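1. Turn this into a structure:
(11 chains)
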Amino acid sequence: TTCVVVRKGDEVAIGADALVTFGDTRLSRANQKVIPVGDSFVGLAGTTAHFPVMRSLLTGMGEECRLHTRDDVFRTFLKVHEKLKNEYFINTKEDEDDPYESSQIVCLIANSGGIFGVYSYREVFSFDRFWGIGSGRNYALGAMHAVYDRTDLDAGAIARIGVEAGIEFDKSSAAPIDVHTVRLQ
Amino acid sequence: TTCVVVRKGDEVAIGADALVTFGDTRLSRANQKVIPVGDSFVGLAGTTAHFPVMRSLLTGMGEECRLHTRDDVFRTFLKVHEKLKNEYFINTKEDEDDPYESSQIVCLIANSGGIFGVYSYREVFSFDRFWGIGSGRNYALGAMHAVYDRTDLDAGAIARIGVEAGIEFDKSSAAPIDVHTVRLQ
Amino acid sequence: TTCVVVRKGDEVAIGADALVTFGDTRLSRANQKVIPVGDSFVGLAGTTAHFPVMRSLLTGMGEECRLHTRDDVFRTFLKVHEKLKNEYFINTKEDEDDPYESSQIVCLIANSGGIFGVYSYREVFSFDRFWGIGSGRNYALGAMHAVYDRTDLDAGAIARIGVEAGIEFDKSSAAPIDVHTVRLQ
Amino acid sequence: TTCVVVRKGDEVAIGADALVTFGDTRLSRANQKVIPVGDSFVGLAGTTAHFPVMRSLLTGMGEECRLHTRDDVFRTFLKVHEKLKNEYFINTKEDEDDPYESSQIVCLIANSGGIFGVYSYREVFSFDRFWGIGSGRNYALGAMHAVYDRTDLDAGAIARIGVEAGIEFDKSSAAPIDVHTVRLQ
Amino acid sequence: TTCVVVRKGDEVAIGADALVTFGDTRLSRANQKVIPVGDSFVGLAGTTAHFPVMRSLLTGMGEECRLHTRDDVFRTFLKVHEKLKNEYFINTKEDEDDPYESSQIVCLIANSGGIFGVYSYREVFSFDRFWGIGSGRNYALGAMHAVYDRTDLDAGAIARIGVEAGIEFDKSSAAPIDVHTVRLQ
Amino acid sequence: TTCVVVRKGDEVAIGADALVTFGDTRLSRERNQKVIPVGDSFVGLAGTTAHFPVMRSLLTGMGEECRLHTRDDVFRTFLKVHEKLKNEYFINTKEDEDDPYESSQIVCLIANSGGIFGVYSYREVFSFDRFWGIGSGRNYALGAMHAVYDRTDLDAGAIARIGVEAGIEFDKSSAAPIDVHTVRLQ
Amino acid sequence: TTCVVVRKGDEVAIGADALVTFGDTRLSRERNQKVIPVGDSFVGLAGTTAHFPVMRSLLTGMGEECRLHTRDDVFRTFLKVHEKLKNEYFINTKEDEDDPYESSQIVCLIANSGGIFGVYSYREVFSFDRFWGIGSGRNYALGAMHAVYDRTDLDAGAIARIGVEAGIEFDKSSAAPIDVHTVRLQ
Amino acid sequence: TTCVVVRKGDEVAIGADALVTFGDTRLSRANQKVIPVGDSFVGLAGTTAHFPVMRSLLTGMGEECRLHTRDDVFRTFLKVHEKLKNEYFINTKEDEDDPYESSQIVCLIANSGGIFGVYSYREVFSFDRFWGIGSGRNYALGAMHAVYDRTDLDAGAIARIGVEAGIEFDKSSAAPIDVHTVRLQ
Amino acid sequence: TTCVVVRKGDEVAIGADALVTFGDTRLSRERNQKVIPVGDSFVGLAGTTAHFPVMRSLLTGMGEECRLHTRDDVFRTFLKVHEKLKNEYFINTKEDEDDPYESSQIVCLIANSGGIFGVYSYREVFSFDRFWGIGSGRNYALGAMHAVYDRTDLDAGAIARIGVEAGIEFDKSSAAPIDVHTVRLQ
Amino acid sequence: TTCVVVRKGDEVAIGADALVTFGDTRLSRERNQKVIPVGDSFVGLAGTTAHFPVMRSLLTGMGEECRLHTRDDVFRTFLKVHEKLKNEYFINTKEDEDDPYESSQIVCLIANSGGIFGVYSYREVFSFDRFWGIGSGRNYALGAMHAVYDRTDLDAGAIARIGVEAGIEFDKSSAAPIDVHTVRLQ
Amino acid sequence: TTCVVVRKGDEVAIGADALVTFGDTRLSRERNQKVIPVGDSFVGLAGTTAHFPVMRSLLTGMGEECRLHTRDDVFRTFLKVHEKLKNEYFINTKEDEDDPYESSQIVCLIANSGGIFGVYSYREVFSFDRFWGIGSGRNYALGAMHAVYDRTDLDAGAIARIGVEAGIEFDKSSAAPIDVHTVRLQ
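-> Numbering: from 1, shown residues only, chains lettered A, B, ... in the order given. And now the structure:
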């Protein structure tokens, strides 16, 4: 996976690749990993096997899923954690003494309030210019960093360039590219 | 095991091999891994040792076992998870940070509503053309992909060809082949 | 251990060896692993160290220990699981994602209702001709398979031949042989 | 440790060595591992570090510590398990699927009712002639087996010979030898 | 990370580097690891991924976050442990038999009451001259020890020198340096 | 990688995908790198891209002493490849008899007018009647080729393409474009 | 694999299954690949299919210097097989005395007019009086042959078939058809 | 650490070294590991990181901390275990099947009632002449054993000699030596 | 480390960061230590700082016998480097064919008027058309150079600088200042 | 161990602690054991006390053939030390290029009128401009020396003492007394 | 095992326990097996009883070429012991410089009129001023001897006895009776 979020000027963008697999076996589809949730867009980290519950949970919430500030995203995903446990019987533990782990990344978020990342359903970050997640994200970060200050490139174009870089070098990332842009409030 | 599901035109099909073992020792029988549940057919993944409880649970449910839509299959297997714990004292945990694991696959499903797969009793997928599970599934996927667009082949015939491929190359798959077809609503 | 069950004609049989050990050290006795439970015979898998509680539990049950059908054996051993936990404070967990393990085998059963095997106190199987368990069972299965269709051999004789094979080749199986026969209802 | 129990004629005996250590460091004393409990004698298996609670528990019980039959010893040590958990906050788990382990041995017992062994606070055995436990027990078993049928040797003398053998060959067994004899009822 | 605390004369100081990472990937920022909590300064140990909850918890407490004595810091962080569990569903276990582990370090603290360190949310230390934590702390300790008795250097200057040493030699420490000083009561 | 060989009628074929990587990082490339013309044979290389240059240089440099049209010839030729690797390039290729089957011991598939062959551990040579495949996508390829081999409208080249297509469809370590070469049997 | 040898009366027999695989993937084949005629003896090969070609080529190429009709002859012959593997084919077959029993050290079973034999680690040779078997299905085979050996209506060939049948019945790594050869004792 | 207790004549003594570390890094101090608790002295085993809670707990108890007999010490430290769990949320588990482990040692104790050692907060020992704990204790035991019968040496002098030996040979033991003596009742 | 090579138009470039460490402890230094002038080529060294001195001493001492302007020349030259390491400096550099891709087998990148090259395990030599990079920050560098390569205002030197900048930005084991050298193609 | 070398102005210094152990058990000693006079140089030995006697005997016995006043001389000298260890004392000192940085490969620090040096794996020699340190207490020492190096009142000897003091203060495997030797640069 | 050596005044002593085992099983014995008279020296052997016979046979057979009265003599003698073990008895005794301290590398303690010595890995020889000990009970022994060494009424023999007594008291792998030999210094 290569998923990125970008912020520049009065616009934000979220970009993602399309590859979905059950382990090493590719699954052909009719984008599955980027979800519209109200007027936000959420890009899911991790294995395809865990997408259906997350899509069903976030899209079903509706009004109680508030994402336009860091505190709102934080309180919302605390509620996502509780719903996973009580309704779907899924565990999402966090221990403070654990080091950084990629499998604890939940999602990136883009809306008119800004661009955000969620770690372990509890730790929420806000980003000023860009960030990315998944197996192709290091390639994406280098690309977006190299081109961000170009005057002819908006947030959507920078996000596309980020995903292109991930697809170019990562075997676990593949075309087509899905990009959505949103104007800041 | 090689178990497949196929959808083409106004018909769906489910196909499975017959090999059942306790570990490395083969068990001779009078098909054990494909179960009629109401008007659906369910193909069980995993070891033969865990078949009896699953067969007893699914066939005993009756009316509360609804499988003709993705949401119905989802809610039904959430109930299967609870029954396993409360009635049969069997555990089926899911952690979100876990990667893809073959031992979390529950079953494939075929009925007049379509063809489905269930992962970890919670994550439900719908398939457009075909899918397969078990040790011989990679051979089966290649075979079904190669022949799906043949105008002379219906869903039942494609499923047979899928199971044939699994039997040909996988030591843990064996004849005879069991195939059932159902007309879409 | 080599323990077998056989069914042929109007008779069933259960056969077992006599070797009992605490680890690698042999224990001399005055058969310990085959138990009469009402009008059934139960052959215990696993270490000698866990025999006393199982013998005490099964023989103490009496009327609530019903074993003449697959469903009865199933419900009975669900109750055995609960008694082990609540009365004797012993754990018998099952996880669905676990593969086949020999240490989960509980027993073989022979009575006028047929011949049965119990796995993990929850999964119950019925056998048509024969089966065996323990370290010498592969030798036993080969022997019984080779001689089953002999017109001069009844169920008791086939079971003896099964245990003989286990004793011949397995260091963890030893004479004398204990065989009991029961007429089918 | 080398601890043995013997039964012959109208007498039983229990024998033990004297070595006590905290790990590899020897502890000099004013026998610590053989305990008088009412009119029985109990020989403790395992590390010296766990002796004080066991001595305090068994000797404090008094009348509710009944040991003269297999069933009595069984029910008594079920109560010992509960007291360890509820009063002393010590765990003694048993899983049925576990293999034989020396660290699950609790004690040998000798009284006018016979000679007994307790495994995992739940599984109780009765012995006809002799048995032994601890690091020197294999040497002891060979010695007692070789001399048991000697007409000039009683149960006490056979037990001494058993402990002598353990002391001779096992570095974790040491003199002096402690032997107690009891007449059968 | 290199974070230090210093006490000398009528002044204390806290010093920290600026490097923040998600694993091996650096995160560019607009100091994130040093937090003003009332009139104290708290420097956070461990991964950047766990900063947001800790910052949100400590700054939200307000009056119930008392830090000017060893006992106050102790009782306050016991409450931090409970809030993490009950409000944020985060675990912070301590076992007494565990050895020293760097991942159990919580923070260093500097205020008008003195300089403190917190280990595992339960064990609180007070320091007379200085201490440091994180991957560059050994370099920092050597530097501060070498220069502490210099008559021209106050607590703030000694802390800067400590962080400089960490930045010089540790790849996981980077400029700019953040230092805050506070007068003792 | 998905590489296949096929034999049907008077024709044989060899097919391969194009993906080449240094570990997990893709390398953009130029004609197919893993299928090599060696005289009038075609050789498809198994394993990591990092070990391709020496193998390409060795096989193409041999010329006349690289004889591949029979099982025995392929066998003796690759014994010589083993010796050259050790003595000229200082590379080790050990075989122990007690070792089990390992995919990292696969060397190559071969197609020429003498037939279709596979080489394991530079010493064990097999001949195939209808088809075979190697690499991470080969199980998908085998299922596809098995399912379509008896089709009267499909020749050896077409069956090989279908094999590589299946590997590309399902294996993340296999990618288009597909390279196929056909040769008439002698 | 299930391979057995039997001796009874004036006849010996060798029996084997037909399943051959590259790892977990089955290879379709042609006559039985794992039983080899070597002069007037029959040799049944243990272990992975990947190591069959060199062993077949070595044993069948020896000819006159491959003498197998006594325990000492089989012993000296397979010492020479060990040396040829190392010097000609550059394959290692080490033995350490302190190693325990390992199934991957089994080389073959042998049947000829001199008797029935087994070879372990190319150095340790055994002679059998009634029967033995090797491979993943051998425990089932041993039980079957033991149960039926004393039947007056069954000769060595029939007992061997029954042994292989038992292996095929219960072992997933054993498959039909069954190959049996009988030889009269000298 | 080297901590010892000695008993001779009408006097007992407790001796300890001064080295305190956070892992491999030494901490300079203004003795931290020997605590006065009422009229007893308690020497703490294990890492410096766990000292503050133990010091705070034992010194805060006061009258309910009774230590002058084996049974009193036993009941007192059972209460210490409960307080650690309920007040400080610290775990101190004991399993009976565990072997001897140095990390389960709690403390040595010296008072007018005698000299004691506590293992796993539950198992209490009394010593006749001497004992020691920590990384330098083997050197200390050899020294004290060699000199105990010297007529010119009292309990305090023997304890000093014990700690001297630990300091001489153990890198994790360091001067100065702290010794306290108490007259037996 | 972040080291890159670039080729565009009539120019090539090599770029590297400056960070050098003994393990986790930084060493302050002097000109760039990891980029070496060897005749009229520039060589960027992969791996730990601890192994730089012998490699610098060996390559710069060779002189005329160190020929690097073609793939074959670089190949033969580094075969000789392998032999010198063993015979003169008593250092081992083994390669086994069955080993997978490993980053610790990377030797160097090379830039000269003949083109841009990479050397793996002293034996496997690659030529690059546009760019490549090695070391802990190379993935960031590859993404940056790929994103900007087709810019008409950027030459090979500028693209290399941008590559190293990206590595320094995100990798803790890469640090300023940046060292870049450009060479005109023959 | 804490051993340091310093260079400042016209003087160099070498400093070391005194702690020597067989494993965890301290050995009481006599002058400093880990700093050796070799001609007019001083050599500070890294690693376990158990390996000191052979190294002391070898270096002090060499005499004239032990030349240490330049980087190349130190390099050639310790290549000879490696050969003597193998041929005379039957001790192995292997280096593999693909190995990462390891503290157990550190041999010694050196101080003489030619400068201050460090030797890694008997083959890789470094020269230092201001200071360096080795052993378990070296990180504390580096921080101390870095913090005080630019003090106008401190010479090379005083900076080295301060370095060893820091190691002794914080490292349990470092202990007083401190041994320091100074030498004037040529 | 507890074995010690002591030096005080004009006398040295060597002391040892008597316990000998094959693994965990005790072997009953005869005079002390682990202390050997070699000419006019006494040698106490470390390690398992299983390796005593060759060492006893080698050292006692040497005679005149076994010189032990100085550190250099002991050193050269045990270099020769290493060579004899390899060439005559086919036993390996490797040393790698990068290895840490290991108790299984201890060879022996030595006492004679020249002083008291210890040998590590057949190559590293130490001389002791007051005392030392080896084996599983040595830490107890060191503490005892340290505590009593300065007693005016105790000679070297008495201090050694006290050392072995301490080992026997606390170590399960040490047992009575105690064997002590004293020798006057030259």
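2. Now for residue A:45, how many residues are close by?
-> Neighbour count of residue A:45, defined by other C-beta atoms under 10 Å in any protein chain shown: 22. Where C-beta positions appear, they are placed from N, C-alpha and C, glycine not excepted.
3. same thing with residue A:180?
-> 18.
4. same question, residue A:33
-> Neighbours of residue A:33 under the rule other C-beta under 10 Å: 23.
5. residue boundaries of the strands in chain A?
-> Using DSSP state E, the strands of chain A run over residues A:3-8, A:11-16, A:21-22, A:25-26, A:34-37, A:40-44, A:105-111, A:114-119, A:123-127, A:130-133, A:178-183.
6. nearest to chain H, of those?
-> strand A:123-127 (22.4 Å; C-beta to the nearest C-beta).
7. Quick check: neighbours of the closest one in the sheet, parallel or antiparallel?
-> If you go by DSSP bridges, strand A:123-127 pairs up with strand A:114-119 (antiparallel).
8. In the strand it pairs with, which residues are buried?
-> Of the residues in strand A:114-119, A:114, A:115, A:116, A:117, A:118, A:119 count as buried by neighbour count, 16 or more other C-beta atoms under 10 Å in any protein chain shown.
9. Next: stretch A:34-45.
-> Neighbour-count burial for stretch A:34-45, counted by 16+ other C-beta under 10 Å, picks out A:34, A:35, A:37, A:38, A:40, A:41, A:42, A:43, A:44, A:45.
10. Which two of the residues you listed have the greatest separation?
-> Using C-beta to C-beta, the buried residues of stretch A:34-45 span at most 20.0 Å, a distance reached by A:38 and A:45.
11. hang on, the earlier thing: export the strands of chain A to JSON lines and tack on distance to residue C:73?
-> Shown next, in JSON lines, are the strands of chain A (distance: least, C-beta to C-beta, whole Å):
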{"stretch": "strand A:3-8", "distance to residue C:73": "53"}
{"stretch": "strand A:11-16", "distance to residue C:73": "53"}
{"stretch": "strand A:21-22", "distance to residue C:73": "37"}
{"stretch": "strand A:25-26", "distance to residue C:73": "39"}
{"stretch": "strand A:34-37", "distance to residue C:73": "48"}
{"stretch": "strand A:40-44", "distance to residue C:73": "46"}
{"stretch": "strand A:105-111", "distance to residue C:73": "46"}
{"stretch": "strand A:114-119", "distance to residue C:73": "50"}
{"stretch": "strand A:123-127", "distance to residue C:73": "51"}
{"stretch": "strand A:130-133", "distance to residue C:73": "52"}
{"stretch": "strand A:178-183", "distance to residue C:73": "55"}
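12. which among the buried residues of strand A:114-119 gets closest to chain C?
-> Distance to chain C across the buried residues of strand A:114-119 (C-beta to the nearest C-beta) is lowest for residue A:119, with 26.8 Å.
13. Give the full set of residues in contact with the nearest residue to the closest one once chain neighbours are set aside.
-> Once flanking residues are discounted, residue A:119 sits nearest to residue E:49: 5.1 Å by C-beta to C-beta, 6 or more residues apart in numbering or on different chains. Counting by C-beta atoms under 8 Å, 6 or more residues apart in numbering or on different chains, residue E:49 touches A:100, A:104, A:119, A:120, A:123, E:22.
14. if we go to 6 Å?
-> Residue E:49 makes contact with A:100, A:119, A:123, according to C-beta atoms under 6 Å, 6 or more residues apart in numbering or on different chains.
15. Please list all residues in contact with the first one.
-> Pointing back at residue A:100 there. When the contact criterion is C-beta under 6 Å, 6+ apart, the partners of residue A:100 are E:23, E:47, E:49.
16. Tell me, how many residues neighbour residue A:99?
-> By other C-beta under 10 Å, the residues close to residue A:99 number 10.
17. Ignoring the adjacent residues along the chain, who's closest to it?
-> Residue A:99 sits nearest to residue E:47 (C-beta to C-beta, 6+ apart), 5.8 Å away.
18. ok, now residue A:20?
-> Closest to residue A:20 by C-beta to C-beta, 6+ apart is residue A:48, at 4.4 Å.
19. that older thread, now the buried residues of stretch A:34-45 in a markdown table, with distance to residue C:140?
-> What follows is those, written out as a markdown table (distance: C-beta to C-beta, whole Å):
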| residue | distance to residue C:140 |
| --- | --- |
| A:34 | 59 |
| A:35 | 57 |
| A:37 | 61 |
| A:38 | 65 |
| A:40 | 65 |
| A:41 | 63 |
| A:42 | 59 |
| A:43 | 58 |
| A:44 | 53 |
| A:45 | 52 |
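20. and which of the residues you listed is nearest residue B:134?
-> Nearest to residue B:134 among the buried residues of stretch A:34-45: residue A:44, at 27.2 Å, using C-beta to C-beta.
21. Next one: the closest residue to residue A:185 other than its chain neighbours from residue A:68, what distance?
-> Nearest non-adjacent residue to residue A:185, counting by C-beta to C-beta, 6+ apart: residue A:112, 4.3 Å away. Residue A:112 is 7 Å from residue A:68, where distance means C-beta to C-beta, to the nearest Å.
22. Any idea how far apart the tips of stretch A:37-45 sit?
-> Taking C-alpha to C-alpha, to the nearest Å as the measure, stretch A:37-45 stretches 16 Å from start to finish.
23. Between strand A:105-111 and the longest helix anywhere in chain A, find me the angle.
-> Identified as the longest helix of chain A according to DSSP state H is helix A:70-86. Computed by axes from the mean of the first three to the mean of the last three C-alpha atoms, to 10 degrees, the angle separating helix A:70-86 from strand A:105-111 equals 140 degrees.
24. Buried residues, helix A:70-86. List them.
-> By 16+ other C-beta under 10 Å, the buried positions in helix A:70-86 come out as A:70, A:73, A:74, A:76, A:77, A:78, A:79, A:80, A:81, A:83, A:84.
25. ok, of those residues, which one's closest to chain K?
-> Using C-beta to the nearest C-beta, the buried residues of helix A:70-86 come closest to chain K at residue A:81, 46.8 Å.
26. my guess is the closest one meets residue A:92, correct?
-> Yes - contact criterion C-beta atoms under 6 Å: residue A:81 and residue A:92 qualify, at 5.3 Å.
27. Now do the shared contacts for those two.
-> Taking C-beta under 6 Å, 6+ apart as the contact rule, residue A:81 and residue A:92 both touch residue A:121.
28. ok, so what distance separates residue A:37 from residue A:59?
-> Relative to residue A:59, and taking C-beta to C-beta, residue A:37 is found at 6 Å.
29. likewise residue A:46?
-> 18 Å.
30. higher neighbour count, these two?
-> residue A:46 (23 against 14).
31. Who's the closest spatial neighbour of the more buried one, skipping the chain neighbours?
-> Looking at residue A:46 with C-beta to C-beta, 6+ apart, the closest residue is residue A:103, at 6.7 Å.
32. That neighbour contacts residue B:95, doesn't it?
-> No - here residue A:103 lies out of contact with residue B:95, judged by C-beta under 6 Å, at a distance of 9.4 Å.
33. Give me the distance between the residue nearest to residue A:185 and chain E.
-> In this view, residue A:112 and chain E are 21 Å apart by C-beta to the nearest C-beta, to the nearest Å.
34. Tally up the residues packed near that residue, please.
-> Look at residue A:112: counted by other C-beta under 10 Å, it has 15 neighbours.
35. For stretch A:118-128, give me every contacting residue.
-> Contacts of stretch A:118-128 (C-beta under 6 Å, 6+ apart): A:70, A:73-74, A:77, A:81, A:92, A:94, A:104-107, A:114-117, E:49, E:52-53, E:88.
36. For burial, what's the neighbour tally of the residue nearest to residue A:99?
-> Residue neighbour count, defined by other C-beta under 10 Å, stands at 21 for residue E:47.
37. Give me the phi and psi for it.
-> Residue E:47 adopts backbone torsions of phi -70, psi 150, taken as degrees, to the nearest 10.
38. Quick check: beta-bridge partners of the spatially closest residue to residue A:35 that is not a sequence neighbour?
-> Leaving aside its chain neighbours, residue A:35 sits nearest to residue A:42 (4.8 Å; criterion: C-beta to C-beta, 6+ apart). Per DSSP bridges, residues listed as beta-bridge partners of residue A:42: residue A:35, residue A:109.
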